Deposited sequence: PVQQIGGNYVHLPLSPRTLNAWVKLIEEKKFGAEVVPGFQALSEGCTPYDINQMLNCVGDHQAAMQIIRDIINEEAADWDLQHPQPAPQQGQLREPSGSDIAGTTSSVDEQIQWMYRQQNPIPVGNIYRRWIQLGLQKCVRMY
């Protein structure tokens, strides 16, 4: 997530312990249900970068990544259209679907987007609850 240093916002990364307590939620509960909110709780206030950091920690128990990516693109699609860029220079770009998901953006951008004065956009808590929707998918598969 992010910490404010004198009116300025700086990425504070996820403490190791804060990933552990999460990797453990799977391997000890292995999806199911207790993870949908479990994740949501850890997910609180993160950037797209952070969310990603979490997932890579469990690309071994990976039989579920494929369907989550499915919804991300499904919604990224819904996004690259409804709110398009639609275009520049100097000013930071408008966040596409690949941006919001953290795959074509830096964390600086993601913060630059979450906390801009003129029209701030919560990429964290947007992409965040794509992950939420893609997870119920997983859940039912049980």
For this session: Note down, first to last, the deposited-sequence stretches for which the model contains no C-alpha atom.
Result: 88
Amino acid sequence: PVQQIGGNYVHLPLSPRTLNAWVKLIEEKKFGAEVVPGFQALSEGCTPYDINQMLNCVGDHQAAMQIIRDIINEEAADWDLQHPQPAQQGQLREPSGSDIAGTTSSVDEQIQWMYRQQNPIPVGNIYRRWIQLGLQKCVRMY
From here on, numbers count along this sequence of modelled residues.
Exercise. For the C-alpha atoms alone, is the average B factor greater in 31-39 or in 49-57, going by the entry?
Worked result: 31-39
For this session: Would you determine, from the values in the PDB entry, which of 11-19 and 116-124 has the greater average C-alpha temperature factor?
Result: 116-124
Exercise. By its CA B factor, does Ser105 count among the lowest, middle or highest third of the modelled residues in the chain?
Worked result: lowest
Problem set entry | Lowest, middle or highest third - CA B-factor, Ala76 | lowest
For this session: Ordered by C-alpha B-factor within the chain, which third holds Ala63? Give me lowest, middle or highest, please.
Result: highest
Seminar exercise, completed: Entry-reported C-alpha B-factor of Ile111 relative to its chain, by third, is middle
Problem set entry | Position of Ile26 among the chain's modelled residues by C-alpha B-factor, lowest, middle or highest third | lowest
